[PDB]
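> One structure is given below, represented as structure tokens, and several questions about it will come after.
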Amino acid sequence: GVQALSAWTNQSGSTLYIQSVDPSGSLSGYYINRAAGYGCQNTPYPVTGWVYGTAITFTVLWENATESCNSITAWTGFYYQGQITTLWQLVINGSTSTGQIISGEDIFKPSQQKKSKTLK
Amino acid sequence: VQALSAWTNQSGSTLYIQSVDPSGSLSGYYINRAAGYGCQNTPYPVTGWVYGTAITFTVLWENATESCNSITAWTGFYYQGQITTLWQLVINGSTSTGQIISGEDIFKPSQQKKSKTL
Amino acid sequence: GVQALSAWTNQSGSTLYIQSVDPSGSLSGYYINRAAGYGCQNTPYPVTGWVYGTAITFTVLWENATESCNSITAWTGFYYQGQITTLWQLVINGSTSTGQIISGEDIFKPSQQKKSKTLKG
Amino acid sequence: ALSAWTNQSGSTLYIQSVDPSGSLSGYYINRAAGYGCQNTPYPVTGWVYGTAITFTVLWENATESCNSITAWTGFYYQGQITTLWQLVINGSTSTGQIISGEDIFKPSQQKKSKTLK
Amino acid sequence: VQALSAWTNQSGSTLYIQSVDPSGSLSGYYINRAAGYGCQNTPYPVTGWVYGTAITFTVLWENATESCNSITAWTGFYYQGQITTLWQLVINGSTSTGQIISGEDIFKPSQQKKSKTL
Amino acid sequence: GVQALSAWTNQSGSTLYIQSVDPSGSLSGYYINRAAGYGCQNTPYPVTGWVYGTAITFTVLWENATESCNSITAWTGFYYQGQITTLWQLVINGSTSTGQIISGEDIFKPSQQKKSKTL
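Chains as they are written, first to last, in our numbering: chain A, 1 to 120; chain B, 1001 to 1118; chain C, 2001 to 2121; chain D, 3001 to 3117; chain E, 4001 to 4118; chain F, 5001 to 5119.
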């Protein structure tokens, strides 16, 4: 069951930061995109989602203070063998056909927290 | 796709959009009426995003009367009076992307019955 | 007694679905009215309120995008002897007098939660 | 949006937000003589639907709990909110323990300073 | 520093911490009672962060009864059962750091009081 | 000036990403620290605060799943002449003296949001 203060990096080096998970299962966090061929790289995008045991969904709105890519991604997946294995779907604002929804597979590995006693 | 809208799919399942925030954040609930899926006829919570005509929304299949140990995410777009969606359903305890169920839902808007009193 | 993911059905067949109770006591859930003659039947309405031990309040906005009945109900009650005993107050939009506010008593009995291992079955 | 409502006792309802769903959020200061939980802030939730309103206060905060909850039901009419309220105590056994009455709330005009000084 | 903890400073002002999330997110209210200040004896909203003994919280001096057109931010720490803080107060329309007001507040905890009834 | 979806970068290359400002003035966003000689660099941290015309406070909790620096910063400042001018205070968990609270001045300048039509 994926927990609050967790971070998950995919094969493209994109990271999901889970900042909270309610007892209700409601997930909150942010996402840095580092995938080649995708705009909206390097800056934080908001995340909402659900956790139910090892099942997870999470979706990112591709709009923030620095860059907007006029789109939304939803990942559906499961926690298994220390990684989140997901199928994702990307929809573009102004789409008119299902063929324009891009599909793919992301697998996320957990990062371990580097702890400093001070900002320095 | 604004606050206080409802959308019914080819199976007669309804998404109730309670609010859409300025930030795009979606809040609401969902009634499944699709044959061959459990968790029918009672409301499940929805979160998601709206960005113009693009929408994602996802349902946690646990409520006060029935839990089905799963989550559905819908990805799609509003166009020509309908939300065209692709959905993925994941079961708690899954070990393979082959256990994730996929389909397409077409959501048509409900027209409101307005009464002056309860 | 009153907790997250408990369902409560009154003498008329209406159901409060308590989804969540925060550590703060904040209640979120859903209401389906099934009360004979009343409008806005068999369609879910949002709920907010408070739980404090056996004390509960919860209020339903009778507006969703399918059916709207131009009103708000507030229930005030307590859990005791395996039931929630409530007094409710229903206000209609456009009211001009306290005399137009409708009141009654709802007794809510618990329903147990059904567990399935999948949505497929 | 941001608004303040004061009743016959000088109890003040502070509405901090109203969603487009009509969901109400804010806080409340009780000044009613005889109740405890006076003159400190308590959390508020409710609904607004046209001229109809409900709002309810949990009587627990960092300094004082009174082990109870109040729910107000009413309507906007001639620049005021006319309400019926019901108050339930935790541990109650009977509807006879549910205290009910009426409150009228007038809008509080916002006193603008340009400094905390 | 926890949910439903009350803190009163040398000037009689109280911090009412309503909630602290597992994340460290702080919500609550503030009543100012300090001589020489506007916006006294009505509740203002508080946000901030707790991280072990480290705390920040900040008050917008606007509610629908009295606004003072300013914001305070406290930075401090829980030490020997008290919170020691340095505060900065900024007024709307400021053009110099010299117009920001600074001081020190030491906040003492008050045990939460329990009445049987209301 | 200070609004939903405005980004603000200080003299050290640290960016405040304001995601939303409610009607009430409640600020929600993200921060990426890029300042030479600090921990918790190049990873986003959560922001809460208040906006009241040109007055702003915001505070960053130096904890995420990749890196924690056991501390919190609060910025107090005002938008003026295209810039947010701020004084900041940095408190480390387990401090025992106000002497241990570090301070400085940050000047944040805004970027124009870029619109890419495709991701």
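No residue lacks a Cβ here, since even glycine has one placed at the ideal position from N, Cα and C.
For the beta strand (DSSP E) containing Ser-5071/F, name the first residue and the last one.
5067-5080
> Give me the subset of the region 2043-2067 of chain C whose CB atoms are less than 7 Å from a CB atom of chain B, sorted by chain position.
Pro-2044, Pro-2046, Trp-2062, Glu-2063, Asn-2064, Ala-2065, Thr-2066, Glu-2067
> Answer yes if the region 1095-1107 of chain B comes into contact with the region 2070-2090 of chain C, meaning at least three C-beta pairs across the two stretches below 8 Å, and no otherwise.
no
> Would you identify the three-state DSSP class for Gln-1082/B, choosing helix, strand or coil?
DSSP places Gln-1082/B in strand when its eight states are reduced to three.
> Can you name the residues of chain F whose CB is closer than 7 Å to the CB of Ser-3017/D?
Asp-5022, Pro-5023, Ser-5024
> Please name the residue in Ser-2024/C, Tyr-2030/C, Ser-2111/C whose C-alpha comes closest to that of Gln-2083/C.
If we check each option's Cα against that of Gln-2083/C, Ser-2111/C comes out closest.
> Determine which residues of the region 4073-4104 of chain E have a Cβ less than 7 Å from any Cβ of chain F, and write them out in chain order.
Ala-4073, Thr-4075, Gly-4076, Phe-4077, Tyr-4079, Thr-4084, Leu-4086, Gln-4088, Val-4090, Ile-4091, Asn-4092, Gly-4093, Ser-4094, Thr-4095, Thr-4097, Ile-4100, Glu-4104
> How would you label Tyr-4037/E, buried or exposed, when you count the other beta carbons within 10 angstroms and need 16 or more for buried?
It is buried - the Cβ of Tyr-4037/E has at least 16 other Cβ atoms within 10 Å.
> Closer than 8 Å is the cut-off here; do at least three beta carbon pairs connect the region 1002-1014 of chain B with the region 5009-5020 of chain F?
When Cβ pairs closer than 8 Å are counted between the two stretches, the region 1002-1014 of chain B is seen not to touch the region 5009-5020 of chain F, the count staying below three.
> In whole angstroms, what separates the C-alpha of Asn-5093/F from that of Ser-4096/E?
31 Å
> Excluding the five sequence neighbours on either side, which residues of its own chain have a C-beta within less than 8 Å of the C-beta of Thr-5066/F, listed in chain order?
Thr-5043, listed in sequence order.
> Considering just the uninterrupted stretch of the beta strand (DSSP E) at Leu-2027/C, what are its terminal residues?
2026-2032
> Taking only the alpha-carbon atoms, compute the straight-line gap between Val-2/A and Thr-15/A and give it to the nearest angstrom.
14 Å
> Compare the C-alpha of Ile-2032/C against each of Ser-2024/C, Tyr-2017/C, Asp-2022/C and name the closest.
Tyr-2017/C
> What residues in its chain sit with their C-beta under 7 Å from that of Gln-1040/B, if we drop five residues either side in the sequence?
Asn-1032, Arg-1033
> At a CB-CB cut-off below 8 Å, which residues of chain C make contact with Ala-4006/E?
Within 8 Å Cβ-Cβ: nothing; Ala-4006/E doesn't reach chain C, min ~16 Å.
> Taking buried to mean at least 16 other C-beta atoms within 10 Å of its own C-beta, is residue 5121/F buried or exposed?
In the structure displayed, chain F extends from 5001 to 5119; residue 5121/F sits before or after that span and is not available.
> Nearest-angstrom Cα distance between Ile-3104/D and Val-4050/E?
Rounded to the nearest angstrom, the two C-alpha atoms are 40 Å apart.
> Can you name, in chain order, every residue of its own chain whose Cβ lies under 7 Å from the Cβ of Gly-4048/E, other than the five neighbours on each side?
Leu-4026, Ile-4055, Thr-4056, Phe-4057, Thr-4058
> If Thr-3073/D and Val-2091/C are in contact, beta carbons under 8 Å, what's the gap, nearest whole angstrom?
5 Å
> DSSP state of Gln-1111/B, grouped into three classes?
coil
> For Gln-4112/E, return the contacting residues in chain D, with the cut-off set at a CB-CB distance below 9 Å.
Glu-3060, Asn-3061, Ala-3062, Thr-3063, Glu-3064, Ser-3065, listed in chain order.
> How long is the line joining the alpha carbons of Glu-4104/E and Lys-1114/B, rounded to whole angstroms?
A straight line joining the alpha-carbon of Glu-4104/E with that of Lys-1114/B spans about 58 Å.
> Run through chain B and tell me which residues come within less than 8 Å of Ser-2116/C, C-beta to C-beta.
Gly-1038, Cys-1039, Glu-1066, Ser-1067, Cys-1068, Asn-1069
> Enumerate in chain order the residues of its own chain whose CB-to-CB distance from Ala-1073/B is below 6 Å, with the five nearest sequence positions on each side excluded.
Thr-1058, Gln-1088
> Nearest to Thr-5118/F by CA position, among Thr-118/A, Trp-62/A, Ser-20/A, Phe-78/A, is which residue?
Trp-62/A
> For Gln-3086/D, name the three-state secondary structure that DSSP assigns.
strand
> Would you say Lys-3106/D lies against chain E (beta-carbon separation less than 8 Å)?
no
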